[PDB]
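**Q** Have a look at this one before I ask anything.
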Amino acid sequence: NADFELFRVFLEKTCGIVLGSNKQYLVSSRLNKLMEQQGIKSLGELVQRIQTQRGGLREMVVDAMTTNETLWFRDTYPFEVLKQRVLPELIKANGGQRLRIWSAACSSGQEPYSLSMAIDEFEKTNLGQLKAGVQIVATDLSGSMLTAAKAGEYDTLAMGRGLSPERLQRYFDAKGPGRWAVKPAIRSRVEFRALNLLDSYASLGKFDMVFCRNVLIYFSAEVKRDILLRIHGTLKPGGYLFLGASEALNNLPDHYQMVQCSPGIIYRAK
C-alpha cells in the first residue's frame, strides 16, 4: 500500500485531483485496465506521464479516475448539501428572491433534472420558503446530448443509475414500454441554452449557485483557471460553486473560499 501515495500526490500536485486512503480500489481497478494497455507497473506510469503534451496518456489517466457515466444525483452528497445547507443559507440572505442555478455542461440533462427534483422535494419539506421559483439554466455544446436533454426522455436502463424508485415514480411519467419522460412540473424548472464554456458568460447573468462537475479536469491548467475566473463572474457575492467528486481549485488569488461540509466541500465567491 506504499506505492499509492506516490501516485495520488502526483495527481493532486499536477492534475488537480484529490484521492484518499480508502478509494484505492476503485482507482487501482480502473487504471489497471488502462495500465494493462501498456508496460507501466503502477509507478513507471508516474514518470511516463510527465512526458505530457505527447500521445495523450496524461489525458487518458484523467479518464477512469472518473466514471465515464452519466448518473442521477451524482455522489448523492452535493444534493443533500444543497437542500439542508446551501438553500437555507441562501434563503435567509436573499429573502427568497428567485435563486438561479447554473448547470454547466449539463450533458444528457440528468444533472439539472436531478436539481429540479431536489428543489421540489425541498419545497415540499420547507413550505413557504419556496418564494418565487428557482431558475435553473443548463448549458451545453449544441449537439445530440443537449438536444436529448431538451426532450427529457430517458432509457429505462438509464433510470436504474443513481435514481430512487420513489423519485422515479414521483417525478417521471412512463412514455413507452422502455422509455421514461420527466414530469412537466420538474421539466419546466429548467431552461436549456447552448453554450461553449470557452465563450463569454455575459449573456447568462448572475447565479446564486453553479454546478460544474467533472468538466474542468478534462481541460488544461491555464484554461481551467480562466473558466473558473469567468465563473466567479455570473456569481452573486457569497454564491456557491459545486465542482464534483474529488475536484480541487488550487488557485486563484483567494476569490473562492473553500467551504468544508461534513460530506464534501463547496466554494463561496469572495
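Residues are named by chain letter and number: chains run A, B, ... in the order of the C-alpha cells, numbers start at 1 in each chain, and ligands are numbered from 1 in the order shown.
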Name all residues at most 10 Å from region 107-122 of chain A (count only C-alpha atoms; drop same-chain ones fewer than 4 positions away) and give them as a ChimeraX atom specification.
**A** /A:70-74,79-80,82-84,87-88,101-103,126-127,129-130,133-141,143-154,158-159,162-163,167,170-171,182-183,185-192,211-213
**Q** Determine, counting only C-alpha atoms, which protein, DNA and RNA residues have an atom within 9 Å of an atom of residue 198 (chain A); residues of the same chain fewer than 4 positions away are not included. Present the result as a PyMOL selection string.
**A** chain A and resi 223+226-227
**Q** Contacts of residue 29 (chain A) at 12 Å or less, counting only C-alpha atoms, minus same-chain residues fewer than 4 places along, as a list in words?
**A**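 Residues meeting the cut-off are residues 23, 24, 25, 33, 34, 35, 36, 42, 64, 65 and 67 of chain A.
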**Q** Restricted to N, CA, C and O atoms, what would the selected residues look like written as a tab-separated table (two decimals), in the first residue's frame?
**A**
chain	number	residue	atom	x	y	z
A	23	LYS	N	-10.58	5.04	-1.09
A	23	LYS	CA	-10.76	4.86	-2.52
A	23	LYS	C	-9.35	4.63	-3.01
A	23	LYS	O	-8.59	5.57	-3.22
A	24	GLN	N	-8.99	3.36	-3.13
A	24	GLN	CA	-7.67	2.97	-3.58
A	24	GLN	C	-7.95	1.75	-4.41
A	24	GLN	O	-7.08	1.24	-5.11
A	25	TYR	N	-9.19	1.30	-4.33
A	25	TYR	CA	-9.61	0.13	-5.10
A	25	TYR	C	-10.35	0.50	-6.37
A	25	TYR	O	-10.16	-0.13	-7.40
A	33	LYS	N	-6.72	-1.36	-15.87
A	33	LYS	CA	-7.22	-1.76	-17.18
A	33	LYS	C	-6.50	-0.99	-18.28
A	33	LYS	O	-6.17	-1.53	-19.33
A	34	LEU	N	-6.27	0.30	-18.03
A	34	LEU	CA	-5.52	1.14	-18.95
A	34	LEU	C	-4.02	0.84	-18.85
A	34	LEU	O	-3.29	0.90	-19.84
A	35	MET	N	-3.58	0.51	-17.64
A	35	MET	CA	-2.17	0.19	-17.39
A	35	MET	C	-1.77	-1.14	-18.00
A	35	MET	O	-0.59	-1.39	-18.26
A	36	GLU	N	-2.76	-2.00	-18.24
A	36	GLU	CA	-2.54	-3.28	-18.90
A	36	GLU	C	-2.46	-3.05	-20.40
A	36	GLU	O	-1.99	-3.90	-21.15
A	42	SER	N	2.45	0.60	-12.21
A	42	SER	CA	1.94	1.42	-11.12
A	42	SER	C	2.74	2.69	-10.82
A	42	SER	O	2.17	3.68	-10.37
A	64	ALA	N	-11.11	7.30	-16.29
A	64	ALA	CA	-11.09	6.13	-15.41
A	64	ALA	C	-10.76	6.52	-13.98
A	64	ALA	O	-10.72	5.67	-13.09
A	65	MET	N	-10.49	7.79	-13.74
A	65	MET	CA	-10.45	8.30	-12.38
A	65	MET	C	-11.84	8.85	-12.13
A	65	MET	O	-12.23	9.15	-11.00
A	67	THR	N	-15.89	7.99	-13.38
A	67	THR	CA	-16.83	7.15	-14.09
A	67	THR	C	-17.21	7.89	-15.36
A	67	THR	O	-17.70	9.02	-15.30
**Q** Quick one: distance from CA of residue 30 (chain A) to CA of residue 59 (chain A) in Å, one decimal?
**A**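 Those two atoms sit 14.4 Å apart.
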**Q** Report, in Å with one decimal, the straight-line distance from CA of residue 253 (chain A) to CA of residue 225 (chain A).
**A**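 Going from CA of residue 253 (chain A) over to CA of residue 225 (chain A) covers 10.7 Å.
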**Q** How many Å lie between CA of residue 100 (chain A) and CA of residue 204 (chain A), rounded to one decimal?
**A**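 Rounded to one decimal, the two atoms are 10.2 Å apart.
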**Q** Give me, as an MDAnalysis selection string, all polymer residues having an atom no more than 9 Å from region 5-13 of chain A, counting only C-alpha atoms and skipping those fewer than 3 positions away in the same chain.
**A** chainID A and resid 1:2 16:21 42:43 45:46 62 248
**Q** For the helix (DSSP H, G or I) assignment from backbone DSSP, which residues of region 34-153 of chain A qualify? Please present them as a ChimeraX atom specification.
**A** /A:34-35,44-48,57-62,77-94,110-125,144-151
**Q** Generate a file of the selected residues that holds C-alpha atoms, formatted as a PDB file, in the first residue's frame.
**A**
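Saved as result34.pdb:
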ATOM      1  CA  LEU A  34      -5.516   1.136 -18.954  1.00  0.00           C
ATOM      2  CA  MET A  35      -2.175   0.192 -17.390  1.00  0.00           C
ATOM      3  CA  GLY A  44       6.607   3.579 -14.079  1.00  0.00           C
ATOM      4  CA  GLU A  45       3.448   5.303 -15.209  1.00  0.00           C
ATOM      5  CA  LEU A  46       4.126   8.235 -12.881  1.00  0.00           C
ATOM      6  CA  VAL A  47       7.335   9.129 -14.706  1.00  0.00           C
ATOM      7  CA  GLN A  48       5.856   8.283 -18.133  1.00  0.00           C
ATOM      8  CA  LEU A  57      -1.556   9.288 -21.928  1.00  0.00           C
ATOM      9  CA  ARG A  58      -1.960  12.059 -19.356  1.00  0.00           C
ATOM     10  CA  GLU A  59      -5.468  12.793 -20.631  1.00  0.00           C
ATOM     11  CA  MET A  60      -6.238   9.073 -20.565  1.00  0.00           C
ATOM     12  CA  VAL A  61      -5.157   8.793 -16.945  1.00  0.00           C
ATOM     13  CA  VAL A  62      -7.647  11.551 -16.141  1.00  0.00           C
ATOM     14  CA  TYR A  77     -23.895  14.340  -1.068  1.00  0.00           C
ATOM     15  CA  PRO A  78     -23.908  17.600  -3.034  1.00  0.00           C
ATOM     16  CA  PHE A  79     -27.685  17.413  -3.378  1.00  0.00           C
ATOM     17  CA  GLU A  80     -28.210  16.843   0.333  1.00  0.00           C
ATOM     18  CA  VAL A  81     -25.787  19.715   0.954  1.00  0.00           C
ATOM     19  CA  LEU A  82     -27.870  21.820  -1.416  1.00  0.00           C
ATOM     20  CA  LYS A  83     -31.107  21.106   0.408  1.00  0.00           C
ATOM     21  CA  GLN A  84     -30.229  21.265   4.093  1.00  0.00           C
ATOM     22  CA  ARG A  85     -27.325  23.722   3.984  1.00  0.00           C
ATOM     23  CA  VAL A  86     -26.992  25.908   0.895  1.00  0.00           C
ATOM     24  CA  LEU A  87     -30.629  26.747   0.159  1.00  0.00           C
ATOM     25  CA  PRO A  88     -31.416  27.688   3.802  1.00  0.00           C
ATOM     26  CA  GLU A  89     -28.237  29.787   3.908  1.00  0.00           C
ATOM     27  CA  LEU A  90     -29.320  31.416   0.666  1.00  0.00           C
ATOM     28  CA  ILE A  91     -32.981  31.787   1.694  1.00  0.00           C
ATOM     29  CA  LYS A  92     -32.167  33.858   4.771  1.00  0.00           C
ATOM     30  CA  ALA A  93     -29.635  36.048   2.942  1.00  0.00           C
ATOM     31  CA  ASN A  94     -31.870  36.809  -0.051  1.00  0.00           C
ATOM     32  CA  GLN A 110     -29.655  14.214 -15.901  1.00  0.00           C
ATOM     33  CA  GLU A 111     -27.742  16.580 -13.550  1.00  0.00           C
ATOM     34  CA  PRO A 112     -30.060  19.615 -13.873  1.00  0.00           C
ATOM     35  CA  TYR A 113     -33.234  17.482 -13.760  1.00  0.00           C
ATOM     36  CA  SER A 114     -31.826  15.963 -10.571  1.00  0.00           C
ATOM     37  CA  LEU A 115     -31.513  19.538  -9.306  1.00  0.00           C
ATOM     38  CA  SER A 116     -35.074  20.371 -10.295  1.00  0.00           C
ATOM     39  CA  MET A 117     -36.172  17.326  -8.280  1.00  0.00           C
ATOM     40  CA  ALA A 118     -34.066  18.405  -5.306  1.00  0.00           C
ATOM     41  CA  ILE A 119     -35.866  21.731  -5.374  1.00  0.00           C
ATOM     42  CA  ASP A 120     -39.331  20.189  -5.480  1.00  0.00           C
ATOM     43  CA  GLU A 121     -38.575  17.975  -2.506  1.00  0.00           C
ATOM     44  CA  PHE A 122     -37.116  20.965  -0.637  1.00  0.00           C
ATOM     45  CA  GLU A 123     -40.239  22.976  -1.377  1.00  0.00           C
ATOM     46  CA  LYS A 124     -42.272  20.025  -0.078  1.00  0.00           C
ATOM     47  CA  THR A 125     -40.444  19.867   3.256  1.00  0.00           C
ATOM     48  CA  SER A 144     -27.223  15.396 -29.536  1.00  0.00           C
ATOM     49  CA  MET A 145     -26.760  15.355 -25.754  1.00  0.00           C
ATOM     50  CA  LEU A 146     -28.197  18.790 -25.108  1.00  0.00           C
ATOM     51  CA  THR A 147     -30.919  18.063 -27.673  1.00  0.00           C
ATOM     52  CA  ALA A 148     -31.568  14.836 -25.770  1.00  0.00           C
ATOM     53  CA  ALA A 149     -31.783  16.876 -22.579  1.00  0.00           C
ATOM     54  CA  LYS A 150     -34.442  19.153 -24.026  1.00  0.00           C
ATOM     55  CA  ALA A 151     -36.519  16.120 -24.983  1.00  0.00           C
TER      56      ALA A 151
END
